[PDB]
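# Commentary on secondary and tertiary structure
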There are 2 protein chains.
Amino acid sequence: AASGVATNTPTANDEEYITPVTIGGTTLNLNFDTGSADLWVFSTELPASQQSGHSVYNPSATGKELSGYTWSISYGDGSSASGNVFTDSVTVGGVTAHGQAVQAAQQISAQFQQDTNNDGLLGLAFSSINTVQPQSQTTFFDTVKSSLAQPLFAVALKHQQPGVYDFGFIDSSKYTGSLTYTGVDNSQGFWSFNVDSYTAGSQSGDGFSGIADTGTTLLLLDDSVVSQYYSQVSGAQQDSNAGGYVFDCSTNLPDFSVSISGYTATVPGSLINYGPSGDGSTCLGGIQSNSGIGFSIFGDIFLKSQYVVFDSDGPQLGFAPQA
Amino acid sequence: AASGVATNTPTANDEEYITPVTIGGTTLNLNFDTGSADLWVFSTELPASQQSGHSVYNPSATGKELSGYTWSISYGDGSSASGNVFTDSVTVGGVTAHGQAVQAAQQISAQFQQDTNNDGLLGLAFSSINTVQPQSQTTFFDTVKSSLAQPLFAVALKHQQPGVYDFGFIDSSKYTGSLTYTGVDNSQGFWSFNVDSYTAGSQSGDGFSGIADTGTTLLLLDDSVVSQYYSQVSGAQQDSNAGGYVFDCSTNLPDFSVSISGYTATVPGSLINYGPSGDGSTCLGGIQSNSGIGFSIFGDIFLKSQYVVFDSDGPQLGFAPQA
Ligand SMILES: COC(=O)[C@H](Cc1ccccc1)OP(=O)([O-])[C@H](Cc1ccc2ccccc2c1)NC(=O)[C@@H](NC=O)C(C)C
Ligand SMILES: COC(=O)[C@H](Cc1ccccc1)OP(=O)([O-])[C@H](Cc1ccc2ccccc2c1)NC(=O)[C@@H](NC=O)C(C)C
Ligand SMILES: *[C@H]1O[C@H](CO)[C@@H](O)[C@H](O)[C@@H]1O
Ligand SMILES: *[C@H]1O[C@H](CO)[C@@H](O)[C@H](O)[C@@H]1O
Ligand SMILES: *[C@H]1O[C@H](CO)[C@@H](O)[C@H](O)[C@@H]1O
Ligand SMILES: *[C@H]1O[C@H](CO)[C@@H](O)[C@H](O)[C@@H]1O
């Protein structure tokens, strides 16, 4: 049976986490994203100017083209990408998926043209939301799932330190205590789960649902919760230049926690200080608005505090504090 | 209980079929498409130059915006469209869906900018393939399905004559004999079905699967079948200006038929003559290649010969020769 460990590394301010992935013999640095189901990469089909500062996949060398197939994806921040499709060998942490569908980019929006830290995204949400037309493809995980020792993957994202993606096994040395599991609603293709309640510093409130999403940097919550949280931060104010609420970097931030099937997941205030706002001398808050979409996004700010197991059996998510 | 009848009308050469749909009090002419799951319309959000020669939806007047929601779709011919989302009242043939998600176009590719015959598309494939992010919406049919007398719709597309879309009931006067049903595989979101065999003129061959797709003008089949068919047409030759095989307009074309759960669906040779190729004095064939995608597209050329029932119970498709 198979299993493997892929090491991830955060970019400046933990804005994103990259992990090497070898496709058809070429190694690219991809952003693993549990919030989407497409594996797409910068390729030789892009204009040469857009290939600069990236490792690119050349489909002609090793891929098998799916004639007539296309893909087109649009993300939460409005970014987008589209292209054609090939199958090829894809290796991650020593685990190889043969015949994996690789989505070669032909067009990418400005956000991606500006980000030279990654060469594409590897989706780990459920395959039901893969965008390939006319017939959707399976994610790397769904492709290899049956070959793994256990049909799950786990992740430990860290603050300014390398972390890991464990495929097909759980590394108990990565967390304290035992794991607590909760049921996943995969109906919209996400690793969605419910929280029973939350505590923002001195204020507690009713539960809500949200998605475990490695692809989003911040912890995005309803406007009412964000207000409650920042009302407790002296001098907090919104700064559109920075992207949300900002505050003096030395401010003492309250903790934030959620109750999940009896387990209290706590994000300490120190992790809620994302980093310099870029806006002179303030810091950007790790908690920001979800724009009224009706569910919360448990992004990297939250994930940095926990070891999280994504188990296809159930499905269900397991949580424990990182070691 | 509800039911209704919407009249469709073919454009020149039966290239597409339009049907009026009233959204928030404004009537638009839409192309009903059983091959996709999005209801999208030309809107006031498009550049004014692109609104010309169309009836447009103004979301601000009656729609409720789903903040943070987007849609982006890519079709078989490579065309595409994208925009934002609103809920509104949508009436088709006297049947009203309240709170139906209407996808307002913000960008559309050249194919749509050139086609002034329609103001958008109304998808009737399964809702599982609807493109709305972050949470997909239901098609008009799935929205109203529970209110209908029977959870089905039926269609009779005609050659140069008005036809109908029957919602929630079957009009037995539209076909000869009794209906034959066959099981539908909705796993890729299409009204997919299997045929046991086919007969192209003097040649017969093994079965294959395909989708019932009102949104595609032609009958698209595997290259091997297309070759077999045209090898029997004197003087047939490909003409890229025209889009495929063309032949002298007076040529006697062989029939084409498929066996489906014991029923023989026959497309007479006269319907296989699509119309002038635009390429001087030849006619375009109604049968053309599917580009190697692995399944056939039973488009309008085929549908013009049958009354077809799309039944959500099963699901299953019913067929009988048009009356
Ligand atoms: C269709 O669902 C998505 O796009 C999922 C889920 C989702 C849905 C709605 C709102 C937020 C997130 O996001 P993702 O796949 O993790 C998606 C992945 C993504 C998108 C653009 C990128 C641009 C450059 C580099 C990495 C990128 C990663 N991240 C984001 O869109 C967010 N960006 C950052 O936090 C916005 C929320 C702030
Ligand atoms: C994602 O699936 C589709 O796009 C489905 C199914 C499909 C898949 C693969 C190949 C062909 C068809 O096609 P549709 O929704 O019926 C799709 C609907 C469609 C697309 C563009 C249009 C542009 C102008 C006006 C009407 C349009 C209708 N039609 C077509 O793309 C075809 N166009 C014509 O036959 C190409 C095949 C010739
Ligand atoms: C992950 O687990 C597999 C299956 O037990 C091992 O073979 C591998 O070495 C790694 O420990
Ligand atoms: C990535 O690198 C980490 C340490 O930097 C290892 O723990 C892991 O096995 C992988 O090689
Ligand atoms: C369609 O069927 C409904 C339900 O029987 C009728 O009320 C309607 O008039 C139409 O015949
Ligand atoms: C559309 O028009 C047809 C005839 O043109 C009617 O049969 C149908 O009821 C609808 O009014």
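Per the PDB entry, chain A goes by PENICILLOPEPSIN and derives from Penicillium janthinellum. In the PDB, the entry goes by the title "ACID PROTEINASE (PENICILLOPEPSIN) (E.C.3.4.23.20) COMPLEX WITH PHOSPHONATE INHIBITOR: METHYL(2S)-[1-(((N-FORMYL)-L-VALYL)AMINO-2-(2-NAPHTHYL)ETHYL)HYDROXYPHOSPHINYLOXY]-3-PHENYLPROPANOATE, SODIUM SALT". The heading Subunit in the UniProt record of chain A holds the text "Monomer." In its Sequence similarities section, the UniProt record describing chain A reads: "Belongs to the peptidase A1 family."

## Looking at the pairing of strand β23 (residues 306-311) of chain B
Residue and element names in this part refer to chain B. Extensive coverage of β23 is indicated by the burial of six of its six residues. Burial of β23 is two-sided: the residues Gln306, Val308 and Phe310 facing one way and the residues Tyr307, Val309 and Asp311 facing the other way are all buried. Bridge analysis of strand β9 (residues 152-156) against β23 gives four bridges, and the strand direction is antiparallel. Residue pairing for β23: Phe153 is matched across the bridge by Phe310. Across six bridges, the pairing between β23 and strand β24 (residues 316-321) is antiparallel. Within β24, the residue paired with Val308 across the bridge is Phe319. Counting the residues in the hairpin turn of β23 and β24 gives four residues, including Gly314, whose phi is positive at 140°.

## A short note on the sheet that holds strand β12 (residues 192-200) of chain A
Residues and elements named next belong to chain A. With respect to topology, seven strands assemble into an open sheet ordered β18-β17-β12-β13-β22-β14-β21, the strand pairing being mixed. Two strands bound the open sheet, and with one partner strand each, they are β18 (263-267) and β21 (287-289). Going across the sheet, the axis of each strand differs from the next one's by a mean of 35°, ignoring polarity. Bridging between strand β14 (residues 219-221) and strand β22 (residues 296-298) involves two bridges; their strand directions are antiparallel. Among the inter-strand pairings, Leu220 is bridged to a residue of β22, identified as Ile297. Sheet contacts for helix α5 (residues 223-230): β12, β13 (203-212), β14, β17 (256-260) and β21; angle to β21, the most-contacted strand, approximately 140°.

## Considering the relation of the copies chain B and chain A
Of the transformation placing chain B onto chain A, the axial shift is 0.0 Å and the rotation is 180°, giving an RMSD of 0.0 Å. Here the transformation between the copies is reduced to the relation of a two-fold axis. Closest to the rotation axis within chain B is the C-alpha of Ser72 of chain B, separated from it by 3.7 Å. A shared interface surface links the copies, since 100% of the contact residues of chain B are contact residues in chain A too.

## Things to note about the state of the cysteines
All names here are of chain A. Counted according to the given criterion, the structure contains two disulfides over all chains. The disulfide bridge from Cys249 ends at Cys283, spanning 2.0 Å between sulfur atoms. Handedness of the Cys249-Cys283 disulfide follows from its S-S torsion of about 100°: it is right-handed. Here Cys283 lies in strand β20 (residues 282-285) and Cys249 lies in the loop between β16 (244-248) and β17, a separation of 34 residues in the sequence. According to the relative accessible area criterion, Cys249 is partly exposed, its value standing at 33%. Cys283 gets classed as buried once you look at its relative accessible area, which sits at 5%.

The rules behind these values
Residues numbered from 1 in each chain as written, not as in the entry; some residues may be left out. Chains lettered and ligands numbered in written order. Heavy atoms only, no water. UniProt positions renumbered as here; feature names shortened; annotations may be inferred. Buried < 20%, exposed > 50% of the residue type's maximum accessible area, 1.4 Å probe, protein only. Helix = DSSP H or I, 4+ residues; strand = E, 2+ residues; numbered from the N terminus. Pairing = 2+ DSSP bridges. Axes fitted to C-alpha atoms, helices over the stretch in contact; angles between N-to-C directions. Contact = heavy atoms within 4.5 Å. Least-squares fit on C-alpha atoms. Disulfide = S-S within 2.5 Å.

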